[PDB]
Amino acid sequence: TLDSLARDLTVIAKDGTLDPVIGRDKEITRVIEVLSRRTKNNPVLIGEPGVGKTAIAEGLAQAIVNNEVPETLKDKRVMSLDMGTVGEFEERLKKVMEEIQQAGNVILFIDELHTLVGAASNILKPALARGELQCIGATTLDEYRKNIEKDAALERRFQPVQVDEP
Amino acid sequence: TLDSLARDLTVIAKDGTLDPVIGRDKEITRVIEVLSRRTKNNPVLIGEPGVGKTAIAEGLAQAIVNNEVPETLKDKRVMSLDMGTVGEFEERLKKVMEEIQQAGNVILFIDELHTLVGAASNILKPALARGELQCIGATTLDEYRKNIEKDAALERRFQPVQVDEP
Amino acid sequence: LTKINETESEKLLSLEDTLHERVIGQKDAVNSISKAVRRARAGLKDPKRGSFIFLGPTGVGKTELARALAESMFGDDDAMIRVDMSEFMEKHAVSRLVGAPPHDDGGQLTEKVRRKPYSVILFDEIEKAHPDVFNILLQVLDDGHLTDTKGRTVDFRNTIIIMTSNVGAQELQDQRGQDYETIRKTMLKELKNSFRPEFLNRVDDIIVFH
Amino acid sequence: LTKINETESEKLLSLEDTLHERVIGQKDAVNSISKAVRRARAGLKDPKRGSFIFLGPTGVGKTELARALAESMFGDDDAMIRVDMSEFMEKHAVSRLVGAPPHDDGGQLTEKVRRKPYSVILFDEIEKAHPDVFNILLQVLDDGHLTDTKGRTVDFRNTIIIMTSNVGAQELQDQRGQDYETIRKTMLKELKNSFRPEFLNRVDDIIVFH
Amino acid sequence: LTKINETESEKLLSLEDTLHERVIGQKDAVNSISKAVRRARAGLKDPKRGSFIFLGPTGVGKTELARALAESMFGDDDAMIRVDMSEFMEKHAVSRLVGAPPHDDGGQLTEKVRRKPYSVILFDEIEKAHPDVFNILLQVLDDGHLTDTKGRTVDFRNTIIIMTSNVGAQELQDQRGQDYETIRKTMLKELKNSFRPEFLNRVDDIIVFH
Amino acid sequence: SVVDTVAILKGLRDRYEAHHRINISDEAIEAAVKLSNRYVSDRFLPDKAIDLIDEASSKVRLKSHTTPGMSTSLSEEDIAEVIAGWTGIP
Amino acid sequence: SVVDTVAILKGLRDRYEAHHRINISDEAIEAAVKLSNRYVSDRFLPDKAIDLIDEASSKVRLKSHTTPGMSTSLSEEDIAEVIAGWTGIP
Amino acid sequence: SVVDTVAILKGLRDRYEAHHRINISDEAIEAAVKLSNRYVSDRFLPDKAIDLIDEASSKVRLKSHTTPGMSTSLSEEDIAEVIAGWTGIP
Amino acid sequence: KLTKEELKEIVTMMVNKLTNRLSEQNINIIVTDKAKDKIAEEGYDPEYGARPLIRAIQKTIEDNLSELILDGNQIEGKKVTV
Amino acid sequence: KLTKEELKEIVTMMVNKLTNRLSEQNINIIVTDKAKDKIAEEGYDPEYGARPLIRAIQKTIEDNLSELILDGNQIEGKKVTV
């Protein structure tokens, strides 16, 4: 399985499918080192949209396939979220989580809307809050003010980081 | 499948079922060139209702069947929305989306009410937000102030354009 | 290099002649400031406890200093936070400190400290601001940390705060080159007017600009 | 250790020299306070019934005492509750006592007592607060417990309350070292002005700071 | 065509005879203005930094010019913003600059600049407006950008601002055809009265209408 | 930073020109970088440059795409015209 | 208590170093224990130490993981740097 | 009423002691009844007594459960200690 | 008191905005201490401090530039003053 | 009235925060009555009381420490003063 919404750009980076980044290295060094944490492997980003952040993500993935990733994570692999929908919807999105938790070998980057939704709220957020499953978020604070914060335990789950326009 | 609500006027234009437009050419040139964008293929329109805009749409479709459409889109084809309803409702409307995403060959124009609804909200809007499925909207800003904007990522999904009364 | 060297005394030891790289005059105050912020170490005062009332005009370096301070101290001036006492009236306490119904908003410079725990805080003819703020000003003076509307209490000692006064604009007529001790006293009570001393008593020291 | 020892008289017996560990002056008041809170036991007064009007300035220990009090008494100062009489105007009774339509909100310091049944309550130049509050102030004075907007009535006797006055700021000119009995009287009526005695009559006693 | 041609010197080079297409008199000022706005380029002054005090009457082209200016410059006059100094009294600073409790409202002409970053700003016998505004006037003069009540700081240099004075209505009696240098001086102090020079010192230049 | 942008634009320099079959002239590239940063609030020079760029890359291609030989993108007009098309007063 | 934490950290001392292939120096161990307790409100020294630790254990490994020989974790930097990386003013 | 509670506690008197293998001393029983009512707002003496009781019944058993012979529950400590364990100042 | 030092010293950093912005215009800058001081002379006021200097400078200073911006005789990247 | 007693007496407990916190830094402390008094001299004000003392002290006091914290010559657990 681990397909459809489940996808990765790391091989794609080893496939050279994407762009060598610059300058967010030590920025990524943080984002990288977020995974180190028994507490929170899981960073989130703030900043200006469309600026390269999901490539900054890929920057990790490069540095991953570059093995600029140090040890523990080197086995693990990017997952780039896919967003879409189809009776219920999220249960799928709920479902994949054990799969990747079953994967023992990867990481996902949650992308932008980390959502306070109508149909929602805690979705993976407990399995997030399960204290497992290394993952990454990003947004600008304007959203960040809410979901990660209004819990604050997802704040206790998430590590915020932001970088200015280069 | 790809029928009922799924319909197209392009062949109808090749069928000559409709009216040769005028003057919105370079206007359409924009609307056209919206599709070019890896970022947003998906325009929305502002302006005065009933003025020819959905024919302005058809204007594209003509220029499509005219092959005044340049390369990438030339294979793709108009879809003119059908609005109606029938247990649940939207799941159908939700359903068709993969179908047309499965179509590998078309485009849909979403028409006017791009809706903040009771039963709603994100419907395709994630699959919209999926960063796939070239489509077009239109309204007057009075609505535009909300759905595309209140997300702003649908703003990040939608490109607004408006044209005055000719 | 500063990241490199910063031994934890190179500033201090040189801090005057460090600071002297910037603005002539108030060398003492400069020194005092240097003197002051050294007490920002050693913890001989309250380890949770940086408070400076500028007596001076425009062009007085009030900005410069404060700027250069962390620009010297924290190796950048963006640690600083402008805060307009003109904008301090009655209810901004919320917009100082998180509301939570009354959206939920707090800190013009806080969330920035929530952003930036090592910072500098500028206030403006500060007594211009209302007896409203003096207590939440006192909040700073309180405990040397900063509570929030959500309650979060955060260290000031890891930042700086700045107070400015033109109060002696008249009394400046003295150094407009007279012995400041006149105007020092003469402004002291004058500002001492505006503040219960306890306010003034957590000050590092009052800062003339002559 | 206090958890251990707290025999129920070690404070008391030592409470002066206990308290004396803190702030010089008002030793009597200190004593009185010690004297006072002992009546917080024995139930010879109303077992439901801790009320202290501070006559004093900034730096007067008004805070210290009150702080140290439970910090002494309840072995922490977080029992205390700051309450700004500046913030007591007309309708805060709701924000004192649960609304329920008018959200539903009640107690700036209550829900905190709903949080913390053993506490201390600070009020500010209290007569500064409105004849609005005096009755809900009287609510405290009432019955020695605290009703709520949801109705819940909770013991004050298991907490402390604090009243502060600079009223004699002038009349302080006396001890600025004159016999306080002048200003005592002289402030008494002055504050007695602001309050029907019954208010004042549930006071433990008025607290000068000299 | 202007969209087409606008090489970035055709205005300038012709700007006089450009402007000369409009209002006779103040040709110098016209020139000066032309001269002025050229400094709106080259960034030899502060790239963030367009400030014109009109000395003149009704019919004086004060409007015309300002109108035509961007109508010349920005190829439209709707860049302009009328602002009534009569309407500038004490608290409009909010209605100048976003409130946020005090709805939340800010900028009679700002949000319009928030709307229109390239604009023109008209003020009215401006000293008629209050020492209230001079600082938020100075805000414009400040930094050559515009902070907001939400804090947003936006470039003035990408817009124009206009100041008007009938102050010399008397002193106009001079050019009612006398050498203006009299009234220039004669009005200068007179308006210099109303303003700390620093205000006046970010002016492009004072604009007579003769 | 504006400059890093140029580099990151230089990153995508080959990209959309190999999409748009044109030759990017860094003169333009740095140009809008300043200019957009100057003139464009909303999107970000990390993009909005490329926005202009690709759009310029279009406008050229547009002209170059159909009836108006230069395959390269000029500095100026590519910035300018488009940017003037963005605003005015070239 | 801070100290018991050290012990419970000593409990996991072998744990993540045998994950991170490093040598924990109790000097560090007690260090952050104070230091985190000092500097970190949110997570808990029962963890946040180890947080720092493992993170330090990473940062070393990071350096040690790839191009920067010490396998052991220093007292200071492991605390300090990381903790400075946490905050500043080492 | 506090007293009826005692009776209803006397009702469960055999109950949890036959669960906790102890001997309830009504002295305690009435004690907390007052005391809890005095000191405990939230739960209700119909229970909270027994709460204390069973908890006391635990605390004894706890001591009695494992290494600290009295099977009976004291008046005081059973109330007191536990109640002091509840609050303080025995 | 802000010593003669400070005066001309600030007179320096006064120049900064010029350079840090204009020449950052890109136009070389010459400095005549005398005038600078003559300026600084009139630059510092007791009461207002030298604070007018901002205005003080710009008036003629930006001018002569703006002037010599026009003058076509000696032009950008040069330097001239009074 | 707060007698000379009180002044230097409070000047003591003034030291407490230092010790009760810093040396609780762990750094021995010497006290020069003269200076202490010279301080206390300038320490007490009529109007504000000695209240400035807090500031008064810290300024130089914490400094010379912080200084000698740097000075590497005579260091923690010693004592020096003016």
# chains A, B, ... in the order shown; residues from 1 in each chain; ligands from 1

$ residues_around --residues "segment 67-69 of chain C" --least-positions-apart "2" --cutoff "10 Å" --atoms "only C-alpha atoms" --output "PyMOL selection string"
chain C and resi 15+19+21-23+30+33-34+37+61-65+71-81+120+122+160

$ write_last_selection --atoms "N, CA and C atoms" --output "mmCIF file, in the first residue's frame"
data_model
loop_
_atom_site.group_PDB
_atom_site.id
_atom_site.type_symbol
_atom_site.label_atom_id
_atom_site.label_comp_id
_atom_site.auth_asym_id
_atom_site.auth_seq_id
_atom_site.Cartn_x
_atom_site.Cartn_y
_atom_site.Cartn_z
ATOM 1 N N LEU C 15 33.392 47.194 27.451
ATOM 2 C CA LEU C 15 32.059 47.636 27.063
ATOM 3 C C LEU C 15 31.976 49.138 26.929
ATOM 4 N N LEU C 19 31.143 50.463 23.858
ATOM 5 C CA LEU C 19 30.058 51.399 23.645
ATOM 6 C C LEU C 19 30.593 52.705 23.105
ATOM 7 N N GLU C 21 32.421 53.301 20.993
ATOM 8 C CA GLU C 21 32.428 53.270 19.546
ATOM 9 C C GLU C 21 31.190 53.954 18.996
ATOM 10 N N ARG C 22 30.282 54.385 19.865
ATOM 11 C CA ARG C 22 29.007 54.844 19.345
ATOM 12 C C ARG C 22 28.715 56.317 19.558
ATOM 13 N N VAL C 23 28.336 56.705 20.763
ATOM 14 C CA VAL C 23 27.773 58.030 20.956
ATOM 15 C C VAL C 23 28.520 58.746 22.054
ATOM 16 N N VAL C 30 26.666 55.767 29.915
ATOM 17 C CA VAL C 30 27.244 54.681 29.150
ATOM 18 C C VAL C 30 27.955 53.730 30.092
ATOM 19 N N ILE C 33 25.511 52.241 32.338
ATOM 20 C CA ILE C 33 24.853 51.183 31.589
ATOM 21 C C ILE C 33 25.746 49.966 31.530
ATOM 22 N N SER C 34 26.982 50.169 31.084
ATOM 23 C CA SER C 34 27.954 49.091 31.148
ATOM 24 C C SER C 34 27.992 48.531 32.553
ATOM 25 N N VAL C 37 24.399 46.627 33.199
ATOM 26 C CA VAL C 37 24.168 45.325 32.609
ATOM 27 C C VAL C 37 25.122 44.279 33.134
ATOM 28 N N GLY C 61 20.594 60.026 21.372
ATOM 29 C CA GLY C 61 21.129 58.685 21.414
ATOM 30 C C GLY C 61 20.258 57.718 22.160
ATOM 31 N N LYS C 62 19.167 58.203 22.734
ATOM 32 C CA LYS C 62 18.226 57.345 23.422
ATOM 33 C C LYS C 62 17.969 56.134 22.561
ATOM 34 N N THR C 63 17.738 56.378 21.288
ATOM 35 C CA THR C 63 17.560 55.274 20.381
ATOM 36 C C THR C 63 18.895 54.572 20.172
ATOM 37 N N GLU C 64 19.911 55.337 19.777
ATOM 38 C CA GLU C 64 21.225 54.810 19.417
ATOM 39 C C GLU C 64 21.669 53.786 20.433
ATOM 40 N N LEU C 65 21.853 54.285 21.641
ATOM 41 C CA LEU C 65 22.261 53.478 22.763
ATOM 42 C C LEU C 65 21.456 52.211 22.754
ATOM 43 N N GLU C 71 22.524 45.342 20.014
ATOM 44 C CA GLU C 71 23.413 45.309 18.875
ATOM 45 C C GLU C 71 24.838 45.110 19.326
ATOM 46 N N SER C 72 25.198 45.746 20.432
ATOM 47 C CA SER C 72 26.379 45.322 21.159
ATOM 48 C C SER C 72 26.103 44.046 21.934
ATOM 49 N N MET C 73 25.193 44.107 22.903
ATOM 50 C CA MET C 73 24.949 42.960 23.764
ATOM 51 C C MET C 73 24.546 41.723 22.991
ATOM 52 N N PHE C 74 23.360 41.739 22.417
ATOM 53 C CA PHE C 74 22.849 40.561 21.754
ATOM 54 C C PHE C 74 23.289 40.478 20.322
ATOM 55 N N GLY C 75 24.190 41.353 19.901
ATOM 56 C CA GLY C 75 24.756 41.262 18.571
ATOM 57 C C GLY C 75 23.688 41.511 17.520
ATOM 58 N N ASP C 76 22.739 42.367 17.858
ATOM 59 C CA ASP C 76 21.730 42.827 16.923
ATOM 60 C C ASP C 76 20.851 43.824 17.636
ATOM 61 N N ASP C 77 20.252 44.725 16.877
ATOM 62 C CA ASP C 77 19.327 45.682 17.440
ATOM 63 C C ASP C 77 17.883 45.247 17.289
ATOM 64 N N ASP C 78 17.627 44.190 16.537
ATOM 65 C CA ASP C 78 16.253 43.770 16.369
ATOM 66 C C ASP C 78 15.698 43.167 17.637
ATOM 67 N N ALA C 79 16.566 42.884 18.601
ATOM 68 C CA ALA C 79 16.115 42.557 19.940
ATOM 69 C C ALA C 79 15.238 43.663 20.495
ATOM 70 N N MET C 80 15.481 44.889 20.064
ATOM 71 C CA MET C 80 14.750 46.018 20.589
ATOM 72 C C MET C 80 13.276 45.901 20.237
ATOM 73 N N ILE C 81 12.442 46.527 21.059
ATOM 74 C CA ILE C 81 11.033 46.662 20.753
ATOM 75 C C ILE C 81 10.594 48.090 21.007
ATOM 76 N N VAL C 120 14.962 43.901 23.717
ATOM 77 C CA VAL C 120 15.060 45.219 24.324
ATOM 78 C C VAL C 120 13.721 45.904 24.147
ATOM 79 N N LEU C 122 11.496 49.430 24.384
ATOM 80 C CA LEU C 122 11.499 50.884 24.430
ATOM 81 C C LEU C 122 10.129 51.423 24.802
ATOM 82 N N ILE C 160 16.048 43.611 27.726
ATOM 83 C CA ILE C 160 16.272 44.948 28.234
ATOM 84 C C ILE C 160 14.976 45.717 28.098
#

$ residues_around --residues "residue 207 of chain C" --least-positions-apart "6" --cutoff "8 Å" --atoms "only C-alpha atoms" --output "MDAnalysis selection string"
chainID C and resid 29 52:55

$ write_last_selection --atoms "C-alpha atoms" --output "PDB file, in the first residue's frame"
ATOM      1  CA  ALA C  29      25.618  56.733  31.849  1.00  0.00           C
ATOM      2  CA  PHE C  52      16.587  52.563  32.062  1.00  0.00           C
ATOM      3  CA  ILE C  53      14.886  55.936  32.175  1.00  0.00           C
ATOM      4  CA  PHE C  54      16.289  58.197  29.514  1.00  0.00           C
ATOM      5  CA  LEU C  55      16.407  61.881  30.367  1.00  0.00           C
TER       6      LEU C  55
END

$ select_by_dssp --residues "chain F" --states "helix (DSSP H, G or I)" --output "ChimeraX atom specification"
/F:2-20,26-39,45-65,76-86

$ interface_residues --of "chain C" --to "chain I" --cutoff "7 Å" --atoms "only C-alpha atoms" --output "JSON, numbers by chain"
{"C": [23, 24, 25, 26, 57, 58, 59, 173, 175, 176, 177, 209, 210]}

$ residues_around --residues "segment 22-32 of chain I" --least-positions-apart "3" --cutoff "6 Å" --atoms "only C-alpha atoms" --output "PDB file with N, CA and C atoms, in the first residue's frame"
ATOM      1  N   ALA E  42      16.504  58.509  -7.436  1.00  0.00           N
ATOM      2  CA  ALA E  42      17.947  58.565  -7.241  1.00  0.00           C
ATOM      3  C   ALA E  42      18.310  58.084  -5.848  1.00  0.00           C
ATOM      4  N   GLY E  43      17.336  58.094  -4.942  1.00  0.00           N
ATOM      5  CA  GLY E  43      17.548  57.638  -3.587  1.00  0.00           C
ATOM      6  C   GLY E  43      18.708  58.321  -2.899  1.00  0.00           C
ATOM      7  N   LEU E  44      19.125  59.481  -3.405  1.00  0.00           N
ATOM      8  CA  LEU E  44      20.190  60.208  -2.730  1.00  0.00           C
ATOM      9  C   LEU E  44      19.723  60.737  -1.389  1.00  0.00           C
ATOM     10  N   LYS E  45      18.442  61.043  -1.271  1.00  0.00           N
ATOM     11  CA  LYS E  45      17.814  61.217   0.025  1.00  0.00           C
ATOM     12  C   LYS E  45      17.344  59.845   0.498  1.00  0.00           C
TER      13      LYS E  45
ATOM     14  N   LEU I  18      22.378  58.847   4.467  1.00  0.00           N
ATOM     15  CA  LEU I  18      22.707  59.246   3.114  1.00  0.00           C
ATOM     16  C   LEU I  18      23.327  58.058   2.421  1.00  0.00           C
ATOM     17  N   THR I  19      24.537  57.736   2.852  1.00  0.00           N
ATOM     18  CA  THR I  19      25.260  56.630   2.256  1.00  0.00           C
ATOM     19  C   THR I  19      24.440  55.351   2.323  1.00  0.00           C
ATOM     20  N   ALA I  35      33.316  73.072   6.962  1.00  0.00           N
ATOM     21  CA  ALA I  35      31.888  73.174   6.715  1.00  0.00           C
ATOM     22  C   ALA I  35      31.134  72.232   7.634  1.00  0.00           C
ATOM     23  N   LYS I  36      31.506  70.948   7.619  1.00  0.00           N
ATOM     24  CA  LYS I  36      30.888  69.980   8.512  1.00  0.00           C
ATOM     25  C   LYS I  36      30.791  70.565   9.900  1.00  0.00           C
ATOM     26  N   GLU I  76      26.939  61.533 -11.109  1.00  0.00           N
ATOM     27  CA  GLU I  76      26.868  60.420 -10.174  1.00  0.00           C
ATOM     28  C   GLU I  76      28.185  59.670 -10.110  1.00  0.00           C
ATOM     29  N   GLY I  77      28.519  59.242  -8.897  1.00  0.00           N
ATOM     30  CA  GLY I  77      29.687  58.490  -8.491  1.00  0.00           C
ATOM     31  C   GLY I  77      30.881  59.428  -8.275  1.00  0.00           C
ATOM     32  N   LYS I  78      30.727  60.733  -8.503  1.00  0.00           N
ATOM     33  CA  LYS I  78      31.725  61.732  -8.127  1.00  0.00           C
ATOM     34  C   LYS I  78      31.561  62.083  -6.651  1.00  0.00           C
ATOM     35  N   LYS I  79      32.221  63.155  -6.208  1.00  0.00           N
ATOM     36  CA  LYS I  79      31.809  63.844  -4.989  1.00  0.00           C
ATOM     37  C   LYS I  79      32.209  65.316  -5.052  1.00  0.00           C
TER      38      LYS I  79
END

$ interface_residues --of "chain E" --to "chain F" --cutoff "8 Å" --atoms "only C-alpha atoms" --output "number ranges by chain"
E: 2-8, 73-75

$ write_last_selection --atoms "C-alpha atoms" --output "short mmCIF file (atom, residue, chain, number, x, y, z; two decimals), in the first residue's frame"
data_model
loop_
_atom_site.label_atom_id
_atom_site.label_comp_id
_atom_site.auth_asym_id
_atom_site.auth_seq_id
_atom_site.Cartn_x
_atom_site.Cartn_y
_atom_site.Cartn_z
CA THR E 2 2.27 56.32 -20.80
CA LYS E 3 2.18 52.71 -19.67
CA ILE E 4 4.12 52.16 -22.86
CA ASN E 5 6.55 55.00 -22.95
CA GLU E 6 7.19 56.01 -19.34
CA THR E 7 10.96 55.64 -19.76
CA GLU E 8 11.62 57.22 -16.36
CA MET E 73 3.06 61.34 -12.13
CA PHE E 74 0.91 58.31 -11.51
CA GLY E 75 -1.21 58.95 -14.57
#

$ residues_around --residues "residue 147 of chain E" --least-positions-apart "4" --cutoff "12 Å" --atoms "only C-alpha atoms" --output "ChimeraX atom specification"
/C:82,84 /E:93,96-98,106-107,110-111,113-114,136-143,151-156

$ write_last_selection --atoms "C-alpha atoms" --output "tab-separated table (two decimals), in the first residue's frame"
chain	number	residue	atom	x	y	z
C	82	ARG	CA	9.52	50.04	20.07
C	84	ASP	CA	4.45	53.90	21.95
E	93	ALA	CA	-5.39	58.93	15.57
E	96	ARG	CA	-6.00	57.55	11.36
E	97	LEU	CA	-4.34	54.40	12.67
E	98	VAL	CA	-6.02	51.09	13.41
E	106	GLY	CA	-7.61	53.05	11.10
E	107	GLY	CA	-6.69	55.40	8.28
E	110	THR	CA	-4.34	54.78	4.92
E	111	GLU	CA	-6.52	51.76	4.22
E	113	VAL	CA	-3.15	53.37	0.74
E	114	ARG	CA	-3.47	49.85	2.04
E	136	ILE	CA	1.37	61.13	13.46
E	137	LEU	CA	1.97	63.70	10.83
E	138	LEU	CA	5.53	63.22	11.90
E	139	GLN	CA	4.87	59.51	11.46
E	140	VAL	CA	4.73	60.34	7.78
E	141	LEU	CA	7.75	62.54	8.24
E	142	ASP	CA	9.11	59.67	10.29
E	143	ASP	CA	11.05	57.09	8.38
E	151	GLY	CA	1.41	48.03	12.98
E	152	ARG	CA	1.81	47.71	9.23
E	153	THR	CA	4.47	50.15	8.03
E	154	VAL	CA	4.06	51.29	4.44
E	155	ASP	CA	6.10	53.56	2.19
E	156	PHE	CA	5.20	57.17	1.80

$ closest_residue --among "A:150, A:132, A:75, A:165" --to "residue 8 of chain F" --atoms "only C-alpha atoms"
A:165

$ residues_around --residues "segment 109-118 of chain A" --least-positions-apart "2" --cutoff "8 Å" --atoms "only C-alpha atoms" --output "PyMOL selection string"
chain A and resi 54+57+78-81+107+120-121+135-139+143+146-147

$ closest_residue --among "A:21, A:86, A:141, A:5" --to "chain B" --atoms "only C-alpha atoms"
A:86

$ atom_distance --atom1 "atom CA of residue 169 of chain D" --atom2 "atom CA of residue 133 of chain D"
23.2 Å

$ closest_atom_pairs --of "chain F" --to "chain A" --cutoff "9 Å" --atoms "only C-alpha atoms" --output "Markdown table"
| residue | atom | partner | partner_atom | distance |
| --- | --- | --- | --- | --- |
| F:1 | CA | A:166 | CA | 3.8 |
| F:2 | CA | A:166 | CA | 6.9 |
| F:3 | CA | A:166 | CA | 7.9 |
| F:4 | CA | A:166 | CA | 5.8 |
| F:5 | CA | A:166 | CA | 6.5 |
| F:7 | CA | A:22 | CA | 8.3 |
| F:8 | CA | A:22 | CA | 7.2 |
| F:11 | CA | A:19 | CA | 7.3 |
| F:12 | CA | A:19 | CA | 7.9 |
| F:43 | CA | A:50 | CA | 8.2 |
| F:44 | CA | A:51 | CA | 6.8 |
| F:45 | CA | A:51 | CA | 8.1 |
| F:46 | CA | A:51 | CA | 5.3 |
| F:47 | CA | A:51 | CA | 6.4 |

$ residues_around --residues "residue 23 of chain F" --least-positions-apart "5" --cutoff "8 Å" --atoms "only C-alpha atoms" --output "ChimeraX atom specification"
/F:17,71-73

$ select_by_dssp --residues "segment 8-149 of chain A" --states "strand (DSSP E)" --output "JSON, numbers by chain"
{"A": [42, 43, 44, 45, 46, 108, 109, 135, 136]}

$ residues_around --residues "residue 83 of chain C" --least-positions-apart "2" --cutoff "10 Å" --atoms "only C-alpha atoms" --output "count of residues only"
14

$ decode --residues "segment 112-154 of chain A" --atoms "C-alpha atoms" --output "compact mmCIF listing (two decimals), in the first residue's frame"
# COMPACT_ATOMS: atom_id res chain seq x y z
CA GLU A 112 0.08 23.96 5.45
CA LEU A 113 -3.48 23.75 6.63
CA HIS A 114 -3.23 21.82 9.83
CA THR A 115 -6.76 22.14 10.28
CA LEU A 116 -9.49 23.21 12.55
CA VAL A 117 -12.23 21.71 10.42
CA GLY A 118 -15.94 21.01 10.39
CA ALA A 119 -15.54 17.32 9.52
CA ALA A 120 -11.71 17.46 11.75
CA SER A 121 -10.36 18.57 15.10
CA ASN A 122 -8.44 15.56 16.37
CA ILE A 123 -7.61 13.50 13.32
CA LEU A 124 -4.29 11.73 13.85
CA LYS A 125 -3.98 14.50 16.38
CA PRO A 126 -4.30 11.87 19.09
CA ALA A 127 -2.12 9.49 17.12
CA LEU A 128 -0.01 12.55 16.73
CA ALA A 129 -0.42 13.05 20.46
CA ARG A 130 0.43 9.34 20.73
CA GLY A 131 3.99 10.57 21.04
CA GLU A 132 5.03 8.66 17.95
CA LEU A 133 5.27 9.13 14.21
CA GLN A 134 7.90 11.73 13.36
CA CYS A 135 6.26 14.27 11.02
CA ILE A 136 6.66 17.96 10.04
CA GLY A 137 4.17 20.79 9.71
CA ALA A 138 4.34 24.33 8.36
CA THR A 139 2.24 27.48 8.14
CA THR A 140 2.37 31.15 8.91
CA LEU A 141 1.61 32.04 12.50
CA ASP A 142 -1.76 33.41 11.52
CA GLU A 143 -2.88 29.82 11.46
CA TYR A 144 -0.24 28.74 13.97
CA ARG A 145 -2.09 30.77 16.57
CA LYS A 146 -4.78 28.14 16.61
CA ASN A 147 -4.47 24.39 16.19
CA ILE A 148 -1.01 23.66 17.61
CA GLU A 149 -1.56 26.44 20.15
CA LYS A 150 -5.22 26.08 21.12
CA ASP A 151 -4.27 22.60 22.23
CA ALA A 152 -0.81 23.58 23.36
CA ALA A 153 -0.12 19.88 23.73
CA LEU A 154 0.20 19.86 19.99
